[PDB]
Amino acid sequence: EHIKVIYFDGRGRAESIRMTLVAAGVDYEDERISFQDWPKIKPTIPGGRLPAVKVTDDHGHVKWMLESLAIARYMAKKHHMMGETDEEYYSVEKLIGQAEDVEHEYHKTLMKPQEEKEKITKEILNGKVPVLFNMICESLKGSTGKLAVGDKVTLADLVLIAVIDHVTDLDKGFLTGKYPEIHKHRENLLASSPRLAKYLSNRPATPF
């Protein structure tokens, strides 16, 4: 396959797909569309929303895939990153759901005036986000190994770090001197996946 991941110039909903490919050691083309260009390109993407993944073989030819975490789960399943037992699969999905709930809170701050955004940010960071972080902590403590689920990288690990990055977008100091399990998880992940370590260190800085 030639794999092309098409998204805006940000982490956003595409980051789980990028990280999955990176962790699995799969080469892909990272196609990033400027907001100025999007209205021109939107008519050409099946469904008209991003991310979309265009997969080209050489036999038939083009296949389009939509729906970010459907794509990520499929790729993760192909590469043995959705758990090794049914119980691990549940644990992966549980942490994904918890992480997605944090993402839902973060999403409230997007496209808001630089005044209301500050109000929403304070509300979610002093309200639901700490509650979800406590659940995430409990989920991590429940692991049988050094990563989110056992000792092998799963999609849960990647979803988790992507959402934590959105939290630190809102408040760079949110985890400073706090949440040792979250820090340890990231350290353990980076030690476990040099491909991901390299990718994260070379990743362009984006606002979302």
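Numbers follow the displayed sequence, beginning with 1.
- Mean CA B-factor, 179 to 187 versus 52 to 60: the higher value falls on 52 to 60.
- Mean C-alpha B-factor is higher over 109 to 117 than over the other stretch, the pair under comparison being 109 to 117 and 79 to 87.
- Per the PDB record, residue ranking by Cα B-factor puts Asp101 in the lowest third of the chain.
- Ranked against the other modelled residues of its chain, the C-alpha B-factor of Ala72 as given in the entry falls in the lowest third.
- When the modelled residues of the chain are ordered by C-alpha B-factor, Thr154 sits in the lowest third.
- Residue-level temperature factors show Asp165 in the lowest third of its chain, judged at the C-alpha atom.
- Among the modelled residues of the chain, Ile136 sits in the middle third by CA temperature factor in this PDB entry.
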